[PDB]
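To start, the structure under review is shown below, and the notes come after it.
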Amino acid sequence: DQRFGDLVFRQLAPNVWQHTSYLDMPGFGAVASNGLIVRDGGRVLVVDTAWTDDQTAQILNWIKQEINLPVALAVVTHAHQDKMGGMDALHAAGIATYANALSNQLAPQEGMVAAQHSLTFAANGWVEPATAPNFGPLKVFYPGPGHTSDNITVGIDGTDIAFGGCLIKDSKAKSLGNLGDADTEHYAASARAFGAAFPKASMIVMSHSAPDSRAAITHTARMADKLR
Ligand SMILES: C=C1CS[C@H]([C@@H](OC)C(=O)O)N=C1C(=O)O
Ligand SMILES: [Zn+2]
Ligand SMILES: [Zn+2]
């Protein structure tokens, strides 16, 4: 995997890359955050911003250089900084942004810029397709409240990659990370719903670890069960 400015990029599959940015948090130093970049025909689709506007501009620059296709749309997976910190950059590049309607409602109070468009979901978790027009291989699933009440997840058609975002931790993880906004009562169930929603997916991309096996889902759920 490749360094570019302060960011790191790793190709996970033919038309799927994972982007990584860092933030110095005081007392623990640097923290990595992963999103996805996806080439679909003549378009590129982004899943999650970087921590900051500048890092997200860097993402766009790298897409210009390594793929040099226009960015059709971004999806952000909940209203925290690792996932929405760079909404202004995307808007300034005139890229269409999408989030959970709840994310857009929460964003002002979590100090984020709302996306331009709001996804809504069926009772079974699946995105209403009207609200996610022309997402190509991106299948968006709302697993229920866990890390945040608004956390959403994205599988990529034509790969065995699903993206858990901050919901899923790594199979050798010691805790569940920041639970200050979390739904402790439903977290295990939401992790497992994410599993069942993408049952064949075998490469689980996450916010804060390198891609992992489905034991990430299992281990995260088992960890959440001990918090209920
Ligand atoms: C490990 C951390 C601390 S750093 C990042 C934080 O970014 C603002 C957040 O989204 O809570 N998230 C997690 C997490 O449990 O996923
Ligand atoms: Zn978060
Ligand atoms: Zn996180």
Side-chain angles (χ1 to χ4, degrees), residues 1-23 30-100 103-104 107 112-117 119 127 131-140 152-166 201 203-211:
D1 64 56
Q2 293 177 335
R3 286 164 170 171
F4 172 102
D6 292 10
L7 287 76
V8 174
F9 299 80
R10 178 175 218 241
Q11 190 177 1
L12 302 189
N15 302 330
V16 169
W17 299 266
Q18 157 181 285
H19 66 70
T20 311
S21 43
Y22 295 85
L23 198 69
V31 191
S33 170
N34 308 321
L36 291 177
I37 305 189
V38 164
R39 171 180 50 206
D40 173 62
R43 302 179 311 153
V44 68
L45 314 175
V46 171
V47 174
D48 282 341
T49 77
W51 295 95
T52 71
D53 284 321
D54 281 351
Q55 291 166 342
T56 297
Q58 291 287 74
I59 286 176
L60 294 189
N61 284 341
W62 179 97
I63 277 159
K64 195 273 178 183
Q65 169 168 348
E66 299 281 311
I67 296 157
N68 187 343
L69 289 168
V71 194
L73 67 90
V75 185
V76 292
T77 61
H78 67 282
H80 280 162
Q81 161 158 248
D82 45 350
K83 307 288 95 173
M84 292 191 191
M87 296 291 308
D88 286 342
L90 295 176
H91 296 152
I95 296 161
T97 52
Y98 291 79
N100 191 347
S103 290
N104 294 329
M112 306 283 106
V113 169
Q116 291 158 348
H117 301 282
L119 319 169
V127 68
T131 78
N134 210 37
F135 270 35
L138 295 184
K139 296 200 290 143
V140 187
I152 64 169
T153 64
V154 186
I156 310 154
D157 262 9
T159 69
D160 56 23
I161 284 154
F163 184 62
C166 295
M203 177 180 261
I204 306 316
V205 183
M206 314 196 315
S207 276
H208 304 295
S209 306

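Sequence positions, counted from 1, serve as the residue numbers for this chain. Quick note: numbers below take in every heavy atom, side chains included, and nothing from hydrogens, waters or symmetry partners.
The residue from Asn15, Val154, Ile156, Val16 that alone fulfils the side-chain contact (heavy atoms from CB on, under 4.5 Å) condition with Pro137 is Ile156. Evaluated for a side-chain contact (heavy atoms from CB on, under 4.5 Å) with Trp17, the options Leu36, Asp1, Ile37 yield exactly one hit, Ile37.
Side chain of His19 to backbone of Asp48: a donor-acceptor contact under 3.5 angstrom is found. Using modelled atom types, no side-chain atom of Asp82 and backbone atom of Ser33 make a donor-acceptor pair closer than 3.5 Å. In this structure a side-chain-to-backbone donor-acceptor pair under 3.5 Å is present from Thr56 to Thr52. Judged by distance alone, with hydrogens and angles left aside, the side-chain atoms of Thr49 form a donor-acceptor pair with the main-chain N or O of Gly85 at under 3.5 Å. With hydrogens and angles disregarded, a donor-acceptor distance shorter than 3.5 Å links the side chain of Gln11 to the backbone of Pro14. Panel note: side chain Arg43, backbone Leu73; no donor-acceptor pair is recorded below 3.5 Å. Listed for the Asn34 side chain is no donor-acceptor partner under 3.5 Å among the backbone atoms of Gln18.
Atom-to-atom distance recorded for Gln65:CD and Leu60:CG is 13.0 Å, nearest 0.5 angstrom. Here the CZ-CD distance, from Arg10 to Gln2, works out to 11.5 Å after rounding to the nearest 0.5 Å. Rounded to the nearest 0.5 Å, atoms OG1 (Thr20) and CD (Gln55) are 10.5 Å apart. The distance from the CD atom of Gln58 to the NZ atom of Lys64 is 13.5 Å, given to the nearest 0.5 Å. Atom CG of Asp40 is separated from atom CG of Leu138 by 7.5 Å, given to the nearest 0.5 angstrom.
Proximity of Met112 to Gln81: side-chain heavy atoms (C-beta onward) are separated by under 4.5 Å at one or more points. A heavy-atom distance below 4.5 Å is not found between the side chains of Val38 and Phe135. For the pair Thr131/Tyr98, no side-chain contact is recorded, criterion being any heavy-atom separation below 4.5 Å from C-beta on. You'll find the side chain of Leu45 stays beyond 4.5 Å of the side chain of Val75, heavy atoms only. Counting only heavy atoms from C-beta outward, the side chains of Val46 and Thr97 never approach each other to under 4.5 Å. Put simply, the side chain of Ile63 does not reach to within 4.5 Å of the side chain of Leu69, judged on heavy atoms. You'll find the side chain of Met206 stays beyond 4.5 Å of the side chain of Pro211, heavy atoms only. Residues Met203 and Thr159 fail the side-chain proximity criterion, which asks for heavy atoms closer than 4.5 Å.
In terms of the ring-ring contact (aromatic ring centres under 6.0 Å, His included) criterion, residue partners of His80 (sequence neighbours excluded) are, by chain and number, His78, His147. Among residues two or more places apart in sequence or in another chain, the ring-ring contact (aromatic ring centres under 6.0 Å, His included) test is passed with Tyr22 by none. Considering only residues two or more places apart in sequence or on other chains, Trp51 meets the ring-ring contact (aromatic ring centres under 6.0 Å, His included) condition with none of them. Under the side-chain hydrogen bond (donor to acceptor under 3.5 Å, both in side chains) criterion, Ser207 pairs with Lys83, not counting sequence neighbours. By the side-chain hydrogen bond (donor to acceptor under 3.5 Å, both in side chains) test, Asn104 pairs with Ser118, sequence neighbours left out. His208 pairs by the ring-ring contact (aromatic ring centres under 6.0 Å, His included) definition with nothing, not counting sequence neighbours.
Smallest separation of non-hydrogen atoms from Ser103 and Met84: CB-CE, 3.4 Å. The two residues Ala50 and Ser21 make their nearest non-hydrogen contact at CB-OG, 3.2 Å. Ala57 and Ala89 make their closest contact through N-CB, 3.9 Å (heavy atoms, listed as atom of the first residue, atom of the second, distance). Nearest heavy-atom pair across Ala96 and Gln116 is CA-OE1, 3.4 Å. Of all heavy-atom pairs between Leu90 and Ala74, the closest is CD1-CB, 3.6 Å.
Taking a 6.0 Å sphere around CG of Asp6, one finds it holds 12 or fewer heavy atoms contributed by other residues, nucleotides or ligands.
Taking the six-membered ring for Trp and thresholds of 30 and 60 degrees, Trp62 and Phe9 have nearly parallel ring planes, at less than 30 degrees apart.
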**Study point:** Derivation of the side chain to side chain contact (heavy atoms under 4.5 Å, CB included) call for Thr153 and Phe163
**Key:** CA-CA 6 Å; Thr153 64; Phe163 184 62; over 6 Å; no
Review point. Could you go step by step and tell me if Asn100 and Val140 meet the side chain to side chain contact (heavy atoms under 4.5 Å, CB included) rule?
Key: CA-CA 10 Å; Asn100 191 347; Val140 187; over 6 Å; no
